[PDB]
């Protein structure tokens, strides 16, 4: 069983070291907190939170970094290396990369203004990476609500609260124009924009992402507070201002009878959202972990110990 006190004797300063690393990085890269939270999400949705996503290519298995959902998108890997090295210095061969990334995600959320809590610990590191599984398990922005629900259920998160609360991760961070071009100019082969996108916001987004423009250009997920972790993400949805299709469907999908009340409840109360976010985050962090003597304590998060 994972426990928040797992390193209280072996490495009491781990969370502090992780926090210091992120604080320093945030000075030059204000996007890093969002990026790190996302790395944990993409780790957990593929064989569980086992740091499998951190492994680089080998001649026997491909890296998950080349998955459709990670390539030219996932980032912050060197920062994870930095905190890992610092933690290894403070406590040699003690903290797994899987746990390190979990703590980094929580600290990132807190540093951005979100809730503060002690995540369950005791996870161990995978002995391989899963590229095919990542391509199959990571959700896509063009997913319908039923598909999003399917994706979460597939990894072990059955609750709509899991989906709605964790989607709140889009209260900060960036998104490439490529992922919303359809909503802006030709949605579902209609030759028209997505009708669930607020028309005034549509104009703004079209200005940021013109047709035939730079598809790699970045836009903010949350037009209200781009870098602050708060419940504004949900207020946007209520006004049809969710950035990507998967965001807005939580409120506008014909299958949203169960998610609409959740969106409203999180938009109405920060406390309600923060509580739900912590609960859902811990549930995601509890997806098929390697524990006890299973797996190992990777020394270099990019390679399996030899």
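Numbering follows the first chain given and starts at 1.
A summary of the deposited B-factors shows that, of 13 to 21 and 285 to 293, the stretch with the larger mean C-alpha value is 13 to 21.
Once the C-alpha B-factors are averaged per stretch, 60 to 68 and 268 to 276 rank with 268 to 276 first. Taking the PDB entry at face value, the top CA B factor among 168, 139, 173, 115 belongs to 115. Of the candidates 111, 101, 177, 145, the PDB record gives 111 the highest C-alpha temperature factor. For residue 153, the recorded CA B-factor ranks within the lowest third of the chain. Only modelled residues enter the ranking.
When the modelled residues of the chain are ordered by their C-alpha B factor, residue 249 lands in the lowest third. Residue 96 sits in the lowest third of its chain by CA B factor, as recorded in the PDB entry. Sort the chain's modelled residues by C-alpha temperature factor and residue 262 lands in the middle third, per the entry.
Among all modelled residues in its chain, residue 238 ranks in the middle third by Cα B-factor.
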